[PDB]
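Quick note on labels: first sequence line is chain A, next is B, and so on, each numbered from 1. Computation of the quantities below employed the complete heavy-atom set of this structure, encompassing side-chain atoms and omitting hydrogens, waters and symmetry-equivalent molecules.
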Amino acid sequence: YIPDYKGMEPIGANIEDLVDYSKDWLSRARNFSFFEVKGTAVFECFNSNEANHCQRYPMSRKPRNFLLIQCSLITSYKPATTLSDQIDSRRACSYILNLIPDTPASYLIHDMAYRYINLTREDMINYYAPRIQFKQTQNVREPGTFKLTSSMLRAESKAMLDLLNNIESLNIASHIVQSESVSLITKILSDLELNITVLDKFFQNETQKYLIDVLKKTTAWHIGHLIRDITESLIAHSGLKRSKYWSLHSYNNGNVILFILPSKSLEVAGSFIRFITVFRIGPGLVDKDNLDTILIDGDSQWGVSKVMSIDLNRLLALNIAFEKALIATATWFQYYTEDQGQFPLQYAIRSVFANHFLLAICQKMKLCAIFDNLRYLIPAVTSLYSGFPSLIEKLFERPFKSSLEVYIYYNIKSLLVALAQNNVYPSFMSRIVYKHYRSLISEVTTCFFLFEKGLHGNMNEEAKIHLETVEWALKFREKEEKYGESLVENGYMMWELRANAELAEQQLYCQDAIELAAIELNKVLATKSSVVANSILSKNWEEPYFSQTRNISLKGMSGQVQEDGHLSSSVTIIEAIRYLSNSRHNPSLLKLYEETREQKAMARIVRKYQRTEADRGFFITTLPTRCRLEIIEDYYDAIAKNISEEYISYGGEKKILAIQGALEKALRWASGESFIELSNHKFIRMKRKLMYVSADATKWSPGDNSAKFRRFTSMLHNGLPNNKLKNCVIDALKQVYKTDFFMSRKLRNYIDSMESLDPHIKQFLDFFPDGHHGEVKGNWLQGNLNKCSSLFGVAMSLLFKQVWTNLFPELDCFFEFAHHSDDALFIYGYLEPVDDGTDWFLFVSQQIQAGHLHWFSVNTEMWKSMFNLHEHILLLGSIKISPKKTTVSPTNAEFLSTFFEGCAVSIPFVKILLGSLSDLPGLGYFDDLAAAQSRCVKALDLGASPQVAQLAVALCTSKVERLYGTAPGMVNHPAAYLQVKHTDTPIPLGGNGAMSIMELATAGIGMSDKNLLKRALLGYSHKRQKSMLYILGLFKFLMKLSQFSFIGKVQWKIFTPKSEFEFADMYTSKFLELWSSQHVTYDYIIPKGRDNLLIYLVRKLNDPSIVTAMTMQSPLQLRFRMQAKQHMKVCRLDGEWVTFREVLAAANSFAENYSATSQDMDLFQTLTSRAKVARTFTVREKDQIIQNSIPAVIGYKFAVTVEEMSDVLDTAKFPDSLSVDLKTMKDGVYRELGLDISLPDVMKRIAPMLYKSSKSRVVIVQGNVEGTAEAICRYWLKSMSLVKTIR
RNA sequence: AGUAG
């Protein structure tokens, strides 16, 4: 039942009024939005901005710090061990104790060295003992720490400790300051380059010889490992029970020392690890001006650095600095090979590695912002027209504090000026000149991704994300005051626009414009009304609201306005349980809207933690607000699925294929000739062309008026027999017009716990009458109505197309539009005269003299007027194209973060390769390894070479093994316990997963276990080998102990909270277990009943994996804590929680005593037996003989109760064909896999991988490759060599 | 003093 609501009646708007308004609009000179790119223009912009800069910032004489860790090497570096650490610390402290301190930090390190050298023998044993062998002592209360205290610290050291406990810019217009910095970063970079004192066949001659053999001798390659060791030692002395003590470590035969001070643990947010690095002055990361002091010892100088405080983000970023720099250099290597057709020289790759390492070591936010703006500037100076004046003026909205900033500046100033004179792409980071723009843009993008996400000041960004919303809400209120509420809400009409012409502003919309846009979109929709209606009804508006995973998910949500006033922070599942508890029924989406219609919409904002400067916000809304948004979004997603110009409606892999196809039709059009029918039969010849506008929308959601959608929905065709659903959608849009937006508790506390209520914080607190929430109108909040706003933009673009077509019927232009929310691409196909324009100018003059004055806008550069009118018509719908981040170029496009050179894709796969090093699922060794390898395979699919991917895979595997302890020689190492080699142990048991990218991309992510099982089977069955039987016993241990690992996998619960959450004690554990046993169908389908659903959700609240997920503050807390948890008991065995070593011991015990039964063997032999274009890949053959879904059939088999059967039939596309499907399904599993699912306890294990066939793989092939999987595999085979043909 | 601004 759909409720009854009042809709909107048409106002009878005719396109002819808009066409006449456009004729009057285009008859005058219009100021273009973009400035032509000329060398003199860019040079003068830089000069004027340099001159202006110094008068806006206080002058700075002292360059600031940019090196997070300062250290130097003169000999090769061997990895640190415990004995090496002991000997090196002894020697280094003996060295330091002979120095003469002069600064407070020097005195502090002197005292620490004295304390370490005056430790007892028992103290040293307990200091270097393992966890299981450590015995506390008066001084060494923890392993790897000691205990200083007052009376063991000089006054000059207590002064430094109390100082710890308790914007000026550099002259960039100066040549003394701008050359003193280039001579500092060019010796750090010139010291990091000094040499210190089937796929494998191709990798050994190309990548291993020209990249990994050249860099393996540099100072950077060894300082990377030294800093890895230093960061590991810092991570160890950061956990709870340790961070509050002192520590002292030594590296490189005592040449480097690390004095770790007491500091807050990094488990609690907002804490820093404090350390000092005393080293031997030499080549490397040494900035002598930012060292605390330099102490001489006759001949050798020792550099004592400042007390560095590093948070967990930067600390974990410095631990993978070597891997990050190496991956970036390996990507630059491949890009150079593809650009110049030959391998780089030694010096080039060495300098590239040094630059990447320096970037990865200096994890500052100022440099991150500079590199964020550079990737916008570079596209703005290699294009015909752009907004480079604004981008450059923004580049100077920075104080340049460190030498590394005034060096990257000095480089950008030269690069951008050189690029504007050659429109031959000079390199930003080497002395080479590229042949393609993609090489340079990818080179700078890689340097942008060397900085981590979330380097901003935490509270600064918490304020920034609120000020934008408050400012635009105030702007909307001011517009309501000027023109009244009725005009701003219902929108103005054309006759008012003509009389004012200032009504065409943002947050204001024109009724006639939206009605005509809806009619233009109807011109497409009405041709497929049945399809649109069926797609709308396919959204299942009658199904219960809380039986959908998105409505019970783990994502954040808002609750109630607590007594404090703030809006509760909760989870979606918590609110679902709360609603069901106090309800009698499971309400449909529409019936839950009737009970929550009068409850105002509420919202809160949280940080998104982006890599870009000026982090953006994310909105968390209450349950009524979510129901409204789901109604609107279901309606508009169903409608927009059938509009090709809407790109959100694509799955995510189809966006690139669609934009490529659009560009192909554009190019096909351009390969033609236009003929304008001059009087009589004479024809004027015209050459077709194309111009690409990479439009970006300014303040998409903030500067908007959601009311424009209510009219838009009214006129928008859907094909349904009545308007009940349309009226409901209009009503939902009405209910989201006004929102109560709440300040975060963090920001409210900060403002309250303060004394300087300065301006810009007094007009911010006036938005909230009670100081907790304020009313926002018009704005629909970021990300809530994406598919509605994008569809509206598409409609307005189509309206512009129609208006231009009516304006110039004689001409033959070609418009292509792509919209993806605050991102668009416009291809304008215009005509130009051939040879001199003797006839074209005459025709234009005749038309202008005939009364068609608007032809004044097509005399020359049609595309200029095309874009002017398109922009104006878009503004009439309250859409503003960004004059800064929009680029116009006839031979280059940028869309969806992907670069196009007409019809050639270029995707930054570096982001995927570097993301595999961090942000792991953290569900255990097997899951994390399979996730890192999956992310490397994805990079391979996005265009990474089979050799750049093979290096990233090696790095990821090594890092995962080191982070879980399974690499050779550590705790959890299988060889210590198991009797088989590291290469023969199953991966779930710490086995060596070291597998080629070429087979991880085709066979799968978990075939190493399957290959091992096949090898063991063959060996045992052909020779009766005892070791093979041992391997089979390990496999059986994993199978009983049971990313999908069919042969089983250790079950981990890494996180367990101290506090239980709301509505978790409704049903006791015994009752939940009994309910799970009785109702087996509810393991594969969500109950469609209040009682069953409530019990199901309470049970889901008591799932270890869900418990771990709900207690997780970013992946940083995982990669941070795991170093300790590998010792702790985080695995499941015998029904309790034990260590992974205990699991290894149990596996060894069972395998050693394992015997080959007949069923085990039966099951084992049942188990073992050019143009860079984008295409699709398909690894699964057609097995779709099932009409219903897999959950429906699996639940149907176990369906016995009437309620269970009813819940199964509701969750089925074809409830009348379940039984047949099941039978077919059985055959389909017994004819391909040989497993009988009818047997109990068999189908439960097989099911979790029957959930497949949806992996829509998109691969960036070289163009000649067909879409077949075999063709793509052969292309990967042929691409194993970088600079050779290996057919 | 560092991060940050």
Side-chain angles (χ1 to χ4, degrees), chain A residues 56-58 60 62-71 101-109 111-112 153 156-170 230-231 234 238 243 258-264 266 268-278 285 287 289-293 303-318 361-370 372 397-405 451-465 467 607 609 611 613-615 746-747 750-751 754 756 758 760-761 1116:
Chain A
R56 166 165 71 268
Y57 278 100
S60 181
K62 173 64 182 66
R64 301 290 198 270
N65 191 82
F66 58 95
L67 278 167
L68 298 187
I69 308 192
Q70 279 189 47
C71 60
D102 45 8
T103 46
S106 169
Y107 279 111
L108 180 63
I109 62 170
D111 297 348
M112 288 182 75
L153 259 186
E156 300 94 2
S157 310
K158 299 167 181 142
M160 187 66 204
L161 293 158
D162 295 301
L163 188 153
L164 296 169
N165 285 316
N166 178 84
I167 315 175
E168 314 165 32
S169 166
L170 289 159
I230 285 172
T231 56
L234 286 168
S238 71
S243 85
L258 177 77
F259 294 84
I260 303 168
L261 279 70
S263 65
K264 286 173 68 177
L266 296 174
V268 298
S271 57
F272 303 90
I273 186 74
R274 308 152 144 196
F275 58 94
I276 308 162
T277 301
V278 189
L285 303 154
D287 175 13
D289 284 308
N290 282 302
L291 285 174
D292 187 272
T293 179
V304 184
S305 82
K306 293 166 169 178
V307 186
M308 310 295 320
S309 311
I310 304 304
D311 63 358
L312 187 67
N313 198 23
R314 289 164 182 76
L315 175 68
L316 288 174
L318 279 160
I361 290 290
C362 309
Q363 288 290 0
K364 314 297 288 291
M365 182 57 204
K366 291 286 160 92
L367 288 154
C368 182
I370 291 167
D372 174 30
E397 293 184 341
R398 284 85 170 94
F400 302 87
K401 299 188 294 182
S402 67
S403 281
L404 190 53
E405 294 170 29
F451 306 91
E452 295 301 336
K453 287 169 164 164
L455 300 162
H456 316 93
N458 217 320
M459 185 64 72
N460 183 249
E461 297 298 324
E462 189 71 17
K464 300 290 98 177
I465 59 172
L467 305 150
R607 269 194 64 189
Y609 296 104
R611 206 191 317 275
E613 173 178 32
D615 199 346
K746 185 183 286 185
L747 184 50
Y750 185 54
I751 297 172
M754 209 156 72
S756 187
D758 289 328
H760 296 285
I761 295 297
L1116 301 189

Item to check | Contacts of type ring pair (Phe, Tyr, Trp, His ring centres under 6.0 Å), residue A:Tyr107, not counting sequence neighbours | outcome: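 Ring pair (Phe, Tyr, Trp, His ring centres under 6.0 Å) check on A:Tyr107 returns nothing, list empty.
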Checklist outcome for this item: The ring pair (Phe, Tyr, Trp, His ring centres under 6.0 Å) partners of A:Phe451 (sequence neighbours excluded) come to A:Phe371
Item to check | Range on RNA chain B touched by chain A - first to last nucleotide, heavy-atom distance under 4.0 Å | outcome: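 Endpoints of the contacted stretch of RNA chain B: B:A1 to B:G5.
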Contacts of type side chain to side chain donor-acceptor pair (under 3.5 Å), residue [X], not counting sequence neighbours:
{"X": "A:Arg611", "answer": "none"}
{"X": "A:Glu461", "answer": "none"}
{"X": "A:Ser271", "answer": "none"}
{"X": "A:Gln363", "answer": "none"}

Checklist entry - Are A:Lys464 and A:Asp615 side-chain neighbours, meaning at least one heavy-atom pair lies under 4.5 Å? => result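 Side-chain contact under 4.5 Å: no.
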Checklist entry - Base, sugar-phosphate, or nothing: which does A:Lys401 touch, judged by heavy atoms less than 4.0 Å apart? => result base
Next on the checklist: At 4.0 Å (heavy atoms only), tell me whether A:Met459 reaches a base, stays on the sugar-phosphate, or touches nothing.
Outcome noted: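 Counting heavy atoms under 4.0 Å across all strands, no contact is made by A:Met459.
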Checklist outcome for this item: So, with a heavy-atom separation below 4.0 Å from RNA chain B, the residues of residues 311-318 of chain A are A:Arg314
Next on the checklist: Listing request: all side-chain hydrogen bond (donor to acceptor under 3.5 Å, both in side chains) pairs with a residue in residues 156-170 of chain A, at least two apart in sequence or in separate chains.
Outcome noted: A:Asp111-A:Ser157
